[PDB]
$ cat work-v5.pdb   # PDB, C-alpha atoms
ATOM      1  CA  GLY A   1      58.102  -3.292  46.247
ATOM      2  CA  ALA A   2      61.583  -4.854  46.333
ATOM      3  CA  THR A   3      60.732  -6.221  49.772
ATOM      4  CA  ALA A   4      58.146  -8.309  51.666
ATOM      5  CA  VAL A   5      59.018 -11.291  49.483
ATOM      6  CA  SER A   6      56.720 -13.753  51.214
ATOM      7  CA  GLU A   7      53.226 -12.545  50.355
ATOM      8  CA  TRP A   8      53.832 -13.438  46.720
ATOM      9  CA  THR A   9      53.901 -17.205  46.371
ATOM     10  CA  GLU A  10      54.803 -18.950  43.114
ATOM     11  CA  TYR A  11      52.662 -21.955  42.239
ATOM     12  CA  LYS A  12      54.034 -24.247  39.550
ATOM     13  CA  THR A  13      51.712 -26.544  37.640
ATOM     14  CA  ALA A  14      52.917 -29.895  36.281
ATOM     15  CA  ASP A  15      52.265 -28.709  32.712
ATOM     16  CA  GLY A  16      54.629 -25.795  33.266
ATOM     17  CA  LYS A  17      52.549 -22.747  34.144
ATOM     18  CA  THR A  18      53.589 -20.181  36.731
ATOM     19  CA  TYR A  19      51.169 -17.947  38.616
ATOM     20  CA  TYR A  20      51.674 -15.829  41.718
ATOM     21  CA  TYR A  21      48.969 -16.076  44.355
ATOM     22  CA  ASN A  22      48.794 -13.038  46.623
ATOM     23  CA  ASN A  23      46.829 -13.634  49.830
ATOM     24  CA  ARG A  24      47.085  -9.976  50.840
ATOM     25  CA  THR A  25      44.745  -8.877  48.072
ATOM     26  CA  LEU A  26      43.443 -12.327  47.034
ATOM     27  CA  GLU A  27      44.684 -11.502  43.541
ATOM     28  CA  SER A  28      46.217 -14.050  41.183
ATOM     29  CA  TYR A  29      48.696 -12.802  38.584
ATOM     30  CA  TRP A  30      50.096 -15.013  35.834
ATOM     31  CA  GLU A  31      52.908 -12.514  35.422
ATOM     32  CA  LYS A  32      55.431 -11.311  37.986
ATOM     33  CA  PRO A  33      54.267  -8.339  40.106
ATOM     34  CA  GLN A  34      56.492  -5.247  40.111
ATOM     35  CA  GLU A  35      56.700  -5.766  43.882
ATOM     36  CA  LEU A  36      58.906  -8.760  43.116
ATOM     37  CA  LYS A  37      61.092  -7.320  40.341
TER      38      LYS A  37
END
$ encode --input "work-v5.pdb" --output "structure tokens"
Amino acid sequence: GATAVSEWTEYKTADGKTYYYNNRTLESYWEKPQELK
């Protein structure tokens, strides 16, 4: 990756949980994708 930093959006919950929602693949990852680094 190391580019296209726009398809990976960070959603922060009030209780302090971070998950990245990727619309490209419709996949939700609770840990940072290697595309982000």
$ residues_around --input "work-v5.pdb" --residues "residue A:10" --least-positions-apart "4" --cutoff "7 Å" --atoms "all atoms listed in the file" --output "PyMOL selection string"
chain A and resi 18-21
$ residues_around --input "work-v5.pdb" --residues "residue A:3" --least-positions-apart "2" --cutoff "12 Å" --atoms "only C-alpha atoms" --output "PyMOL selection string"
chain A and resi 1+5-8+33-37
$ atom_distance --input "work-v5.pdb" --atom1 "atom CA of residue A:11" --atom2 "atom CA of residue A:32"
11.8 Å
$ axis_aligned_box --input "work-v5.pdb" --around "stretch 21-29 of chain A" --padding-each-side "5 Å" --output "lines of an AutoDock Vina configuration file"
center_x = 46.2
center_y = -12.5
center_z = 44.7
size_x = 15.5
size_y = 17.2
size_z = 22.3
